[PDB]
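Notes follow once the structure below has been shown.
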Amino acid sequence: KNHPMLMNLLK
Amino acid sequence: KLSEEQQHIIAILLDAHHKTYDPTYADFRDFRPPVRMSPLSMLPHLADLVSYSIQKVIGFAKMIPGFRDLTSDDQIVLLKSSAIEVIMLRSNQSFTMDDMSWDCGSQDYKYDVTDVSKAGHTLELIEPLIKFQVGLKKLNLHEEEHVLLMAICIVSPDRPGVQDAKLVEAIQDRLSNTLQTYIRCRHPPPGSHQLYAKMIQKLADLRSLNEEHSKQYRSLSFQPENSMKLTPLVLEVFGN
Ligand SMILES: C[C@H](CCC(=O)O)[C@H]1CC[C@H]2[C@@H]3CC[C@@H]4C[C@H](O)CC[C@]4(C)[C@H]3CC[C@]12C
């Protein structure tokens, strides 16, 4: 569901 | 007898944990200050605490052998669903049965039932959470088992939204076998009596705690004045 901050922290 | 791979896994997880859980709690000073009187007076402080903890759990998860092999989307689904559970699990390290509280280094950073209940969440969540802490503490798990449990919790194939559940299951089984074998080879009886079964039960207990936390979060998200006091990461992970 588009999780910008989470995605950024995972990459 | 614990293959070379299994010892490898355990070594990786212990290190990952040491790099993401600071027992000096030195970063707690950056959180909005705790307020003990208390109408939602602890919400700002605990919101930052949980948000910080979410970041740490993500750091841990990324070091779990095999996690990196999952797709970006699956990693996100797993973290979103397990975050609160892993936070509750890792918190067992600061929890003390002496006075039923999470002692994070100092008076201001020592939280009991009255403190933890001043953030919008009710005893319907807190009472079972405290009970969980006691039951887990009584397992006297080796740090090796503690880190394996957190990793198993994160890499759960039955989480809503998982795509490559097969890949997730494989990764988890590798961890589950490492746990079952470590208990047999490194946890002498009687402390090992049905330990795996009891640890799996804690995973069930956490699903229940997760479900209740989610129920109350939704309710609270309906009140802007509270949602306003949270962090962007919390809002994103728990729902916006
Ligand atoms: C201080 C403890 C960690 C200690 C450590 O890391 O060693 C953490 C882990 C479990 C957390 C509770 C989780 C459910 C609720 C979330 C809501 O966003 C705020 C309240 C809620 C009741 C939290 C309070 C703080 C707790 C008890």
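Sequence order for the protein chains is C and A. Everything in the first sequence is counted per the entry's author numbering, starting at 625 for the first residue and increasing by one. When you line the second sequence up against the entry's author numbering, it's residues 123 to 159, 218 to 420, in that order. C-beta atoms are modelled at their ideal positions from N, C-alpha and C, and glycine is treated no differently.
Whether residue i touches residue j by CB criterion (8 Å)
i                      : j        : result
A:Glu127               : A:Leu389 : no
A:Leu355               : A:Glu325 : no
A:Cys333               : A:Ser271 : no
residue 122 of chain A : A:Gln352 : Residue 122 of chain A is absent from the model: chain A starts at 123 and stops at 420.
A:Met222               : A:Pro156 : yes
A:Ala331               : A:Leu135 : yes
A:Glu304               : A:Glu392 : yes
A:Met277               : A:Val293 : no
A:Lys409               : A:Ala138 : no
A:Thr411               : A:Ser218 : no
A:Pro224               : A:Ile131 : no
A:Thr251               : A:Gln396 : no
A:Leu319               : A:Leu375 : yes
A:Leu220               : A:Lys298 : yes
Enclosing beta strand (DSSP E) for residue i [first to last residue]
i        : result
A:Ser262 : Premise fails: A:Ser262 lies in the alpha helix (DSSP H), 252 to 270, not in any beta strand (DSSP E).
A:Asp283 : 281 to 283
Alpha helix (DSSP H) segment containing residue i, residue limits
i        : result
A:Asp249 : No alpha helix (DSSP H) contains A:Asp249, which DSSP labels as neither H nor E.
A:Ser401 : 375 to 401
A:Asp228 : 223 to 242
A:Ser407 : 404 to 407
A:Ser356 : 345 to 366
A:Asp137 : 126 to 140
A:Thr294 : 293 to 296
A:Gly315 : 303 to 317
A:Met277 : Premise fails: A:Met277 is in no alpha helix (DSSP H) and is neither H nor E.
A:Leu410 : Taken as a continuous stretch (DSSP letters only), A:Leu410 belongs to no alpha helix (DSSP H), as it is neither H nor E.
A:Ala148 : Segment: none, A:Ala148 is in no alpha helix (DSSP H) and carries neither H nor E.
C:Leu630 : 628 to 634
A:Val327 : 323 to 334
Residue i Cβ short of 7 Å to ligand 3 heavy atom set
i        : result
A:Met277 : In the structure on display, ligand 3 does not appear, and the ligands it does have are ligand 1.
Chain C residues whose Cβ lies nearer than 8 Å to that of residue i
i        : result
A:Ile238 : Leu630, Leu633, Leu634
A:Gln235 : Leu633
Contacts that residue i makes with chain C (C-beta to C-beta distance below 7 Å)
i        : result
A:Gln287 : Ordered by position in chain C, no residue passes the 7 Å Cβ test against A:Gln287, which lies about 31 Å from the chain.
A:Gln128 : Neighbours of A:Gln128 on chain C: none; closest Cβ ~26 Å, over 7 Å.
task: With 8 Å as the C-beta to C-beta threshold (strictly closer), list the residues of the stretch 326 to 344 of chain A near chain C in chain order.
output: Those residues of the stretch 326 to 344 of chain A that come within reach of chain C (Cβ to Cβ, closer than 8 Å) do not exist; the list is empty.
query: Given 8 Å as the limit, is there contact between the stretch 302 to 313 of chain A and the stretch 346 to 355 of chain A, that is, 3 or more CB pairs closer than that?
result: No, the stretch 302 to 313 of chain A does not touch the stretch 346 to 355 of chain A.
- request: Give a yes or no on contact between the stretch 129 to 144 of chain A and the stretch 235 to 255 of chain A, applying the rule of three or more CB pairs nearer than 8 Å.
  value: With a cut-off of 8 Å on Cβ pairs, the stretch 129 to 144 of chain A is in contact with the stretch 235 to 255 of chain A, counting three or more such pairs.
query: Which residues, taken in chain order from the stretch 390 to 417 of chain A, show a beta carbon closer than 7 Å to some beta carbon of chain C?
result: Of all residues in the stretch 390 to 417 of chain A, the ones placed with a Cβ closer than 7 Å to any Cβ belonging to chain C are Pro412, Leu413, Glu416, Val417, in chain order.
task: Please name the residues in the stretch 243 to 269 of chain A whose beta-carbon is closer than 8 Å to at least one beta-carbon of chain C, in chain order.
output: The residues in question are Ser252, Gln255, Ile256, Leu259, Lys260.
message: Measuring CB atoms only, is the stretch 359 to 369 of chain A touching the stretch 274 to 291 of chain A, in the sense that at least three cross pairs come out at less than 8 Å?
response: Look at the beta carbons and you see the stretch 359 to 369 of chain A not touching the stretch 274 to 291 of chain A: under three pairs across the two are nearer than 8 Å.
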